[PDB]
>>> print(open('entry.tsv').read())   # TSV, C-alpha atoms
chain	number	residue	atom	x	y	z
A	22	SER	CA	98.34	118.78	123.72
A	23	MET	CA	97.38	121.42	121.30
A	24	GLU	CA	100.82	121.08	119.57
A	25	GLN	CA	100.19	117.32	118.97
A	26	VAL	CA	96.82	118.16	117.39
A	27	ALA	CA	98.39	120.80	115.11
A	28	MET	CA	101.05	118.28	114.05
A	29	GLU	CA	98.31	115.74	113.37
A	30	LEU	CA	96.40	118.24	111.19
A	31	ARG	CA	99.66	118.89	109.17
A	32	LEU	CA	100.01	115.08	108.69
A	33	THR	CA	96.35	114.85	107.59
A	34	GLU	CA	96.77	117.61	105.10
A	35	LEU	CA	100.02	116.02	103.75
A	36	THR	CA	98.08	112.77	103.43
A	37	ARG	CA	95.42	114.63	101.42
A	38	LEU	CA	98.01	116.07	99.09
A	39	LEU	CA	99.86	112.69	98.71
A	40	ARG	CA	96.52	111.03	97.91
A	41	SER	CA	96.00	113.43	95.02
A	42	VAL	CA	99.71	112.85	93.94
A	43	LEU	CA	99.14	109.08	94.08
A	44	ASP	CA	96.04	109.36	91.93
A	45	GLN	CA	97.80	111.42	89.38
A	46	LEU	CA	100.81	109.02	89.22
A	47	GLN	CA	98.57	105.98	88.99
A	48	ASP	CA	96.78	107.55	85.97
A	49	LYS	CA	100.11	107.40	84.19
A	50	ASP	CA	99.86	103.58	84.43
A	51	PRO	CA	96.80	102.94	82.33
A	52	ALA	CA	97.72	99.31	81.76
A	53	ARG	CA	97.65	98.71	85.57
A	54	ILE	CA	101.05	97.05	85.44
A	55	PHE	CA	101.99	98.57	88.84
A	56	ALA	CA	98.63	98.34	90.54
A	57	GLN	CA	99.19	95.31	92.67
A	58	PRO	CA	102.11	93.31	94.23
A	59	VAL	CA	103.98	90.97	91.93
A	60	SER	CA	102.35	87.60	92.67
A	61	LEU	CA	104.71	85.14	94.38
A	62	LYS	CA	102.46	82.31	93.24
A	63	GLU	CA	103.09	83.41	89.63
A	64	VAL	CA	106.73	84.66	90.02
A	65	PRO	CA	108.04	82.30	92.72
A	66	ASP	CA	111.68	83.46	92.56
A	67	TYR	CA	110.78	87.17	92.80
A	68	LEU	CA	112.21	87.85	96.27
A	69	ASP	CA	115.50	86.29	95.22
A	70	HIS	CA	115.79	89.22	92.76
A	71	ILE	CA	113.90	92.07	94.42
A	72	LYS	CA	114.45	92.72	98.11
A	73	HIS	CA	111.90	95.46	98.65
A	74	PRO	CA	108.82	94.88	96.44
A	75	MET	CA	106.44	97.81	95.99
A	76	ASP	CA	103.23	98.61	94.10
A	77	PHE	CA	100.46	101.19	94.15
A	78	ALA	CA	98.08	99.17	96.34
A	79	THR	CA	100.73	98.79	99.00
A	80	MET	CA	101.45	102.55	98.89
A	81	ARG	CA	97.75	103.29	99.21
A	82	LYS	CA	97.55	101.14	102.42
A	83	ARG	CA	100.49	103.02	103.89
A	84	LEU	CA	99.05	106.39	102.84
A	85	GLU	CA	95.65	105.71	104.46
A	86	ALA	CA	97.24	104.74	107.72
A	87	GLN	CA	98.99	108.17	107.46
A	88	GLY	CA	102.28	106.32	107.22
A	89	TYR	CA	104.13	108.83	104.99
A	90	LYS	CA	105.70	111.53	107.24
A	91	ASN	CA	107.09	113.61	104.38
A	92	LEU	CA	107.17	113.61	100.54
A	93	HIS	CA	110.67	111.97	100.52
A	94	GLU	CA	109.26	108.78	102.07
A	95	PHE	CA	106.44	108.67	99.46
A	96	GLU	CA	108.92	109.26	96.60
A	97	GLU	CA	111.13	106.47	97.92
A	98	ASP	CA	108.24	103.97	97.52
A	99	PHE	CA	107.35	105.29	94.03
A	100	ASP	CA	110.97	104.96	92.94
A	101	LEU	CA	110.97	101.34	94.19
A	102	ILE	CA	108.02	100.51	91.91
A	103	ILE	CA	110.01	101.81	88.90
A	104	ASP	CA	113.46	100.64	89.89
A	105	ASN	CA	112.31	97.08	90.84
A	106	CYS	CA	110.68	96.70	87.40
A	107	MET	CA	113.65	98.02	85.47
A	108	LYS	CA	115.93	95.45	87.15
A	109	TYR	CA	113.68	92.36	86.97
A	110	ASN	CA	112.51	92.95	83.41
A	111	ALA	CA	114.67	93.43	80.33
A	112	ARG	CA	114.69	96.59	78.22
A	113	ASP	CA	112.70	94.97	75.38
A	114	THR	CA	109.66	94.22	77.54
A	115	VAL	CA	106.31	95.95	77.96
A	116	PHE	CA	106.99	95.96	81.69
A	117	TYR	CA	110.32	97.85	81.50
A	118	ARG	CA	108.85	100.25	78.93
A	119	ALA	CA	105.85	100.95	81.15
A	120	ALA	CA	108.16	101.84	84.01
A	121	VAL	CA	110.18	104.27	81.88
A	122	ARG	CA	107.00	106.03	80.80
A	123	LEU	CA	105.69	106.14	84.40
A	124	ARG	CA	109.01	107.60	85.62
A	125	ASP	CA	109.04	110.26	82.88
A	126	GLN	CA	105.42	111.27	83.29
A	127	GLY	CA	105.48	111.09	87.10
A	128	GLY	CA	108.49	113.47	87.26
A	129	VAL	CA	106.33	116.40	86.25
A	130	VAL	CA	103.74	115.63	88.96
A	131	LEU	CA	106.38	115.16	91.65
A	132	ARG	CA	108.16	118.38	90.72
A	133	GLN	CA	105.08	120.48	91.54
A	134	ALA	CA	104.24	118.33	94.55
A	135	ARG	CA	107.55	119.28	96.10
A	136	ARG	CA	106.88	122.99	95.47
A	137	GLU	CA	103.38	122.59	97.17
A	138	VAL	CA	104.71	120.68	100.14
A	139	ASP	CA	107.38	123.42	100.71
A	140	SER	CA	105.02	126.32	99.86
A	141	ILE	CA	102.13	125.17	102.19
A	142	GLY	CA	104.71	123.82	104.73
>>> encode(input="entry.tsv", output="structure tokens")
Amino acid sequence: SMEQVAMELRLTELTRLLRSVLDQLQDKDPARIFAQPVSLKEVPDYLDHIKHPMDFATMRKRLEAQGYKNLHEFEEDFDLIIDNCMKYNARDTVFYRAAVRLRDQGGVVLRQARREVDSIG
């Protein structure tokens, strides 16, 4: 139908916007701490601690399959990256500290993203 096409164009345009959001958030991780999945070869107990691992590569795969229906779903995955790290790693670690800085800096980006998603519909 024509409606299904229009809906698909909306999803494509959201995917465009979320790709720009993802690029901007990933720039706030210059150390690349959150770039890839925590390695289960290198952290073999990880899934005993963290039930829903997340990382920027995994989000990018979901994004490119147009698998984010709305900004809430995308924010859920970004919050998992931060929240997973802040539980597994102690406060005095470069990992925890990187997550705090990513959360703080990403907030600004996500605030305007929400306005754009609402504004453009």
>>> atom_distance(input="entry.tsv", atom1="atom CA of residue 39 of chain A", atom2="atom CA of residue 87 of chain A")
9.9 Å
>>> atom_distance(input="entry.tsv", atom1="atom CA of residue 104 of chain A", atom2="atom CA of residue 140 of chain A")
28.8 Å
>>> closest_residue(input="entry.tsv", among="A:61, A:34, A:71, A:28", to="residue 108 of chain A", atoms="only C-alpha atoms")
A:71
>>> closest_residue(input="entry.tsv", among="A:24, A:139, A:100, A:125", to="residue 76 of chain A", atoms="only C-alpha atoms")
A:100
>>> closest_residue(input="entry.tsv", among="A:107, A:134, A:78, A:68", to="residue 53 of chain A", atoms="all atoms listed in the file")
A:78
>>> closest_residue(input="entry.tsv", among="A:70, A:49, A:31, A:37", to="residue 124 of chain A", atoms="all atoms listed in the file")
A:49
>>> closest_residue(input="entry.tsv", among="A:51, A:23, A:42, A:33", to="residue 129 of chain A", atoms="all atoms listed in the file")
A:42
>>> closest_residue(input="entry.tsv", among="A:101, A:111, A:52, A:85", to="residue 73 of chain A", atoms="only C-alpha atoms")
A:101
>>> atom_distance(input="entry.tsv", atom1="atom CA of residue 65 of chain A", atom2="atom CA of residue 109 of chain A")
12.9 Å
>>> axis_aligned_box(input="entry.tsv", around="segment 108-125 of chain A", padding_each_side="3 Å", output="lines of an AutoDock Vina configuration file")
center_x = 110.8
center_y = 101.3
center_z = 81.3
size_x = 16.2
size_y = 23.9
size_z = 17.8
>>> residues_around(input="entry.tsv", residues="residue 93 of chain A", least_positions_apart="2", cutoff="12 Å", atoms="only C-alpha atoms", output="MDAnalysis selection string")
chainID A and resid 35 39 89:91 95:100 131:132 134:135 138:139
